[PDB]
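*Asks:* Please find one structure pasted underneath; my questions will follow.
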Amino acid sequence: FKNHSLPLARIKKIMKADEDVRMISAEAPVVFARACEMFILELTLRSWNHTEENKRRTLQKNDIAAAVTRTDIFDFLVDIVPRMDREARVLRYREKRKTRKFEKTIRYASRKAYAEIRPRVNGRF
Amino acid sequence: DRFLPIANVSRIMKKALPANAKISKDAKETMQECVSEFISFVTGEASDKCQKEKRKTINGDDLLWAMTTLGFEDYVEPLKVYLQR
DNA sequence: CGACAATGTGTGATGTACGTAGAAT
DNA sequence: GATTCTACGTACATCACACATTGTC
């Protein structure tokens with residue numbers, strides 16, 4: 001029912017790469033789980049149309065590249081595949097892509113101190 | 001650690017494809033990179049809205065407003081249903 | 001407005017589900 | 001080159017609870 005497909009902790013890590021992110025609700029990873037799933041589904045089908053257009057039974061990277069270049073909703077991907085406001089936001093996204101921190105960063109060191117102090121059984125609180 | 005796990009992504013791709021179909025490994029890698037970049041895309045937009053609305057906690061409605069702003073409209077409504085917990 | 005109250009989320013350690021890495025088909 | 005299969009070996013999920021967060025007053 002709510003034992004999810006992909007890991008939520010990984011979605012949180014990917015989110016925390018943005019420095020403009022302080023607190024993440026529990027709703028957000030669960031939403032992104034199915035959001036990413038539906039994204040995979042749409043993109044895979046859009047690429048499979050091109051694979052069928054080449055009479056092939058295997059999905060290769062060039063199929064996904066063609067699917068990316070055909071539709072504008074995936075314009076943000078053009079920089080990652082071998083090939084009036086929303087576009088400016090896409091370039092803002094590109095600039096933010098360079099500034100990603102995957103290092104363990106503490107934001108509320110008070111919570112950290114309490115966690116160093118809290119009583120833990122088997123590592124759990 | 002910079003992308004989503006590949007086994008789950010590939011299984012999701014398989015769920016979209018017939019049993020006779022096959023998936024290149026390069027395609028799997030490209031797909032996982034694409035989904036992680038989509039996550040960071042939507043997260044940046046949600047953070048933009050939350051800064052503009054003087055909020056510090058990121059909620060589901062923020063994510064959906066971002067996704068709507070980003071053109072993934074047809075995603076939103078079933079995700080609205082998924083929200084109910 | 002900016003304070004009240006109530007709702008809610010960051011933070012580490014660890015067992016153990018689960019993804020990963022190779023050969024073989 | 002791409003799938004199955006088995007056994008490792010990693011990183012996910014889980015916990016309680018002091019105060020950050022929210023929107024409402």
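*Asks:* Working only within the stretch A:30-43, note down all residues that are more than 12 Å from DNA strand D (Cβ to nearest atom) and crowded, with 23+ Cβ neighbours inside 10 Å.
*Replies:* Within the stretch A:30-43, A:31, A:35, A:36, A:39, A:40, A:43 qualify.
*Asks:* Right, another one. From (1) within 17 Å of the chain's Cα centre (by Cα); (2) assigned to a helix (DSSP H, G or I), pick out the condition that doesn't hold for residue A:45.
*Replies:* (1)
*Asks:* Does the stretch B:43-60 contain at least one residue that is within 12 Å of DNA strand C (Cβ to nearest atom), β-branched (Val, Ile, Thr) and over 30 Å from residue A:59 (Cα atoms)?
*Replies:* Yes, the stretch B:43-60 contains at least one residue that is within 12 Å of DNA strand C (Cβ to nearest atom), β-branched (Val, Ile, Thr) and over 30 Å from residue A:59 (Cα atoms).
*Asks:* Does the stretch B:13-21 contain at least one residue that is surrounded by fewer than 17 Cβ atoms within 10 Å (Cβ to Cβ), within 20 Å of residue A:100 (Cβ to Cβ) and more than 7 Å from every other protein chain (Cβ to nearest Cβ)?
*Replies:* No: the stretch B:13-21 contains no residue that is surrounded by fewer than 17 Cβ atoms within 10 Å (Cβ to Cβ), within 20 Å of residue A:100 (Cβ to Cβ) and more than 7 Å from every other protein chain (Cβ to nearest Cβ).
*Asks:* Scanning for something in contact with a strand residue (DSSP E or B) (Cβ under 7 Å, 6 or more places away or on another chain) and surrounded by fewer than 21 Cβ atoms within 10 Å (Cβ to Cβ), does the stretch B:33-46 turn up at least one residue?
*Replies:* no
*Asks:* Please return the ranges of helices (runs of 4 or more DSSP H) entirely within chain B where 2 or more residues are under 12 Å from the mean Cα position of the chain (by Cα).
*Replies:* Filter on chain B gives B:25-52, B:60-69, B:73-83.
*Asks:* Being outside any helix (DSSP H, G or I) and farther than 25 Å from residue B:18 by Cα narrows it down to one of A:89, A:94, A:100, so name that one.
*Replies:* Unique residue meeting the criteria: A:100.
Quick grid of which residues meet (1) within 16 Å of DNA strand C (Cβ to nearest atom); (2) among the small types (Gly, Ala, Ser); (3) at the interface with another protein chain (Cβ under 10 Å from one of its Cβ atoms):
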{"site": "A:57", "(1), (2), (3)": "no, no, yes"}
{"site": "A:70", "(1), (2), (3)": "no, no, no"}
{"site": "A:78", "(1), (2), (3)": "no, no, no"}
{"site": "A:82", "(1), (2), (3)": "no, no, yes"}
{"site": "A:90", "(1), (2), (3)": "no, no, yes"}
{"site": "A:98", "(1), (2), (3)": "no, no, no"}
{"site": "A:104", "(1), (2), (3)": "yes, no, no"}
{"site": "A:108", "(1), (2), (3)": "yes, no, no"}
{"site": "A:123", "(1), (2), (3)": "yes, yes, no"}
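*Asks:* Looking at the structure I just gave you, is residue A:27 more than 7 Å from every other protein chain (Cβ to nearest Cβ), under 18 Å from residue B:68 (Cβ atoms), more than 10 Å from DNA strand D (Cβ to nearest atom) and surrounded by 15 or more Cβ atoms within 10 Å (Cβ to Cβ)?
*Replies:* So residue A:27 does not fit the description; no.
*Asks:* Given the conditions (1) within 16 Å of DNA strand C (Cβ to nearest atom); (2) surrounded by 14 or more Cβ atoms within 10 Å (Cβ to Cβ); (3) more than 7 Å from chain B (Cβ to nearest Cβ), which single one is not true for residue A:50?
*Replies:* Residue A:50 satisfies all of (1) within 16 Å of DNA strand C (Cβ to nearest atom); (2) surrounded by 14 or more Cβ atoms within 10 Å (Cβ to Cβ); (3) more than 7 Å from chain B (Cβ to nearest Cβ) except (1).
Note: ideal-geometry Cβ built from the backbone for every residue, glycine included; neighbour counts use all protein chains shown. Here, each number is a calculation from the coordinates, and none is a lab measurement.
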